[PDB]
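Quick note: the coordinates plus some simple rules give every number you see, no bench work behind them. Please note: Cβ atoms are built from the backbone with ideal geometry, for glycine as well, and neighbour counts cover all protein chains shown.
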Amino acid sequence: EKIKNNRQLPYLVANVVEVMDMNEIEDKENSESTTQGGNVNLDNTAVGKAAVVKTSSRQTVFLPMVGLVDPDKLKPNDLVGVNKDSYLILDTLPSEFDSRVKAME
Amino acid sequence: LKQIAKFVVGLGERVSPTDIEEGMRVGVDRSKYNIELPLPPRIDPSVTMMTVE
């Protein structure tokens, strides 16, 4: 029911700079892919399956992604929607190309 | 957009999917981008528009 309140249009377009692919659980001494001596690294360890997306406002944001969109989809350079209000990957958009190219088909 | 920022927009109420063509210039609402009205394509005539007799 709440999924249907978010899904409303319009929303921002992005592409994925790099999927980090840190390990969300792998220890409780960290909370990342990285393992290192010493417990309690506070909220520096809090990066898991994560998307750095670059928007079409030509800025770069990090966020911890929405698992609706899997990171088995995301590769560098895929079109993604991102909600404008708070940058969250709302969905995946099918990759498309210039309107002039589309006319050639 | 012309300033450069892409948005995925919905469907207006003065328009149908049949009137929306691809490459076509369209008015979007500046309050919340949404296609309102299809607008004659091409911004390029201006030195092919003043040589019509």
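The residue of region A:51-82 that is farthest from A:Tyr11 (Cα to Cα), among those that are touching a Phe, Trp or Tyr at 6+ places or on another chain (Cβ under 9 Å) and buried (at least 18 other Cβ atoms within 10 Å of the Cβ), is A:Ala51.
For B:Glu21, indicate whether it is within 13 Å of chain A (Cβ to nearest Cβ) and more than 20 Å from A:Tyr11 (Cα to Cα).
So B:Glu21 passes the test.
Residues checked against (1) among the basic types (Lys, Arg); (2) over 24 Å from A:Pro94 (Cβ atoms):
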{"site": "A:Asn6", "(1), (2)": "no, no"}
{"site": "A:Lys28", "(1), (2)": "yes, yes"}
{"site": "A:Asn41", "(1), (2)": "no, yes"}
{"site": "A:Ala51", "(1), (2)": "no, no"}
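The set of residues in region B:24-53 being more than 14 Å from chain A (Cβ to nearest Cβ), touching a strand residue (DSSP E or B) at 6+ places or on another chain (Cβ under 8 Å) and in a loop (DSSP other than H, G, I, E, B) consists of B:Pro40 alone. If a residue has to be part of a helix (DSSP H, G or I) and touching a helix residue (DSSP H, G or I) at 6+ places or on another chain (Cβ under 9 Å) to count, how many in region A:51-105 make the cut? Residues meeting the conditions: 0. If you go through region A:1-48 and keep only what is charged (D, E, K, R), within 30 Å of A:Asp85 (Cβ to Cβ) and part of a loop (DSSP other than H, G, I, E, B), you end up with A:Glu1, A:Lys2, A:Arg7, A:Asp21, A:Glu24, A:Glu32, A:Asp43.
A single member of A:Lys54, A:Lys49 is among the basic types (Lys, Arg), touching a residue at least 24 places away in the same chain (Cβ under 8 Å) and within 30 Å of B:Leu1 (Cβ to Cβ), and it is A:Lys54.
Scanning region B:4-18 for residues that are under 21 Å from A:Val80 (Cβ atoms) and either more than 7 Å from chain A (Cβ to nearest Cβ) or assigned to a loop (DSSP other than H, G, I, E, B) (or both) yields B:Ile4, B:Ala5, B:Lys6, B:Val9, B:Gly10.
Within region B:22-38, which residues are surrounded by 11 or more Cβ atoms within 10 Å (Cβ to Cβ) and of a type outside the set (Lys, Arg)? If you could, list the steps in order and put the result at the bottom.
Here is the first cut: in region B:22-38, the ones surrounded by 11 or more Cβ atoms within 10 Å (Cβ to Cβ) are B:23-29, B:32-38.
Across region B:22-38, the qualifying residues are B:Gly23, B:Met24, B:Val26, B:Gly27, B:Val28, B:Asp29, B:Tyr33, B:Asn34, B:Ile35, B:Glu36, B:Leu37, B:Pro38.
Looking across region A:54-105, the residues that are more than 13 Å from chain B (Cβ to nearest Cβ) and either within 18 Å of A:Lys2 (Cα to Cα) or of a type in the set (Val, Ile, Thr) (or both) come down to A:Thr60, A:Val61, A:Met65, A:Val66, A:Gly67, A:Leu68, A:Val69, A:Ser86, A:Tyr87, A:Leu88. Restricting attention to region A:5-16, the residues that are under 16 Å from the mean Cα position of the chain (by Cα) and away from every other protein chain (no Cβ under 14 Å) add up to 1. Taking A:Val19 as the residue in question, decide whether it is within 14 Å of chain B (Cβ to nearest Cβ), buried (at least 18 other Cβ atoms within 10 Å of the Cβ) and either of a type outside the set (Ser, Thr, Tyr) or touching an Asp or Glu at 6+ places or on another chain (Cβ under 8 Å) (or both). Here the answer is no, as A:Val19 does not meet what is asked.
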